[PDB]
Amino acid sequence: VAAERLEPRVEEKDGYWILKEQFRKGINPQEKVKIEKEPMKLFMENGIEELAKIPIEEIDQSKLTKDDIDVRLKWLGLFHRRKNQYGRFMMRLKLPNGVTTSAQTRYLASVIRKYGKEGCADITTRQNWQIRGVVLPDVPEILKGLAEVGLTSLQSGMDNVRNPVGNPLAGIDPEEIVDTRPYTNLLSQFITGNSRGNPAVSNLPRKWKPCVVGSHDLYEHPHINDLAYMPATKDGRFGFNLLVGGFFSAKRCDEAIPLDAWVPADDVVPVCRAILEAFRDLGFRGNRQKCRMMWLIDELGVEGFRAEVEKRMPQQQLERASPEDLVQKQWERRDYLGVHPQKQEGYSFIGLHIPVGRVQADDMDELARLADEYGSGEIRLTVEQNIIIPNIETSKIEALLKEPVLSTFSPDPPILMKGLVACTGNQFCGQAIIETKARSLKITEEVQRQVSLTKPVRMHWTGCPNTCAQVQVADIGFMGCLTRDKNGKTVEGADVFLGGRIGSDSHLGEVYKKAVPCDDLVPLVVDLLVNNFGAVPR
């Protein structure tokens, strides 16, 4: 690799980071949008105030403003559902470690309630909240309301650092390695500039995902993150070994690889900054399918990339990985649904199943009420789109289990529901090839009516090759496609994936059978469960 390849391609100009003139040739259309107007100005210079006043029909009449609502607003966590819910915006938060409060939950519920049939909310595969139904004129007030309850939506989509994932049992599990909350909190504060915006990390070549591991279970899925912090002692000191480059895409899925780097615990933010600066400064900005950080690592080689991280560390020091980490390979992933004792004597947490992560305003208020009456006003989200309510005095559990809402959001649903994960799909997402959430519930219910089983089989449904619901991690994965019935009629279908493993012995699943009509999936899945997962016909 030539020395010229290592010239930083972006520069700071008036508080923002822009592509240098000499590197602007051959860039993709999204890069052109960022050059034409800095997206962060919508927040940091309050550009949103005037934009929100313009009728959407008028906005659509000029490239600049249409790009504002369709592209730049994703820097403020706002996603125009142009195709499937025109004029409405999904809104996505920062929620490090999946931690929310009852007050925040009630606020979000009050927003979606206003929108009636156009509103609802979802737990995401990054243990995050999304709300739906937002209209542009309401955005300035919603931004204010979020701030008032201690939430930000900054930098949650597009070419930004995505939600920092941690251990859903952080601080409460007798078996945790290290509480991940301080680290994911620090990362979120760094990324968002303490909720003011951080332009230094908002002009990346592409999205970038971090997680901090604190569980032997590896609930955080470090193998599929762009940066994963693996807890490790080195020379008598606590810190993290670093894995880099994990990602999924339509074109390519790759597991994270060792950077061959260890940092002391206090260097979590400095090394996040160094890695992001290297990616920002040096990443390819052509074909969008070749812009994720792993592509830079392949171009430079991992050692070449490591040197770029090292030069961006304070005092330019980056230690080599510790030979061993603290994650025990002898481990069985633990079910977190149901009632479990905390490490604080006399307290329990309860894991509640949220069917395909979907909630309405009334449901959110109920969950917030439970967290206040039984817990400490805290609700935790999980990457399987479920919830945990921690800090419940164990003597209250008997009463809690009789709460009517637990018949819908159950601490002990059937085993296949426990592991079911589904993306948004075509109800709202314009990329979706099929409907996911309703279909996956229907099929799973029918399958479980036919077979019983004891193995915790994890089924993931995703609506298109973007694989937001991570079909490559599933025991059985379903990727949306269009296919044909026996008469040659167009029908919704799924490509069925097998072979995904999580935890320390992780593995990426691959397509097993293409183009199965959705109406034909039940018998296929029933047979797979009996033949490969020990299920027994009822």
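Start at 1 with the first residue shown and count on from there.
Between the stretches 112-120 and 393-401, it is 393-401 that shows the larger average CA temperature factor. Relative to its counterpart among 464-472 and 440-448, 440-448 has the higher mean temperature factor, C-alpha atoms as listed in the PDB entry.
Out of 128, 101, 194, 408, the entry records its largest CA B-factor for 194.
The maximum CA B-factor among the listed residues 435, 159, 365, 298, taken from the PDB record, is found at 298. The PDB entry assigns residue 55 a C-alpha temperature factor belonging to the highest third of its chain's modelled residues. Per the deposited record, the Cα B-factor of residue 458 falls in the lowest third when ranked against the other modelled residues of its chain.
Placement of the Cα temperature factor of residue 488 within the chain: highest third of the modelled residues, per the deposited record. Looking at the C-alpha B-factors along this chain, the one for residue 48 belongs to the highest third. Placement of the Cα temperature factor of residue 261 within the chain: middle third of the modelled residues, per the deposited record.
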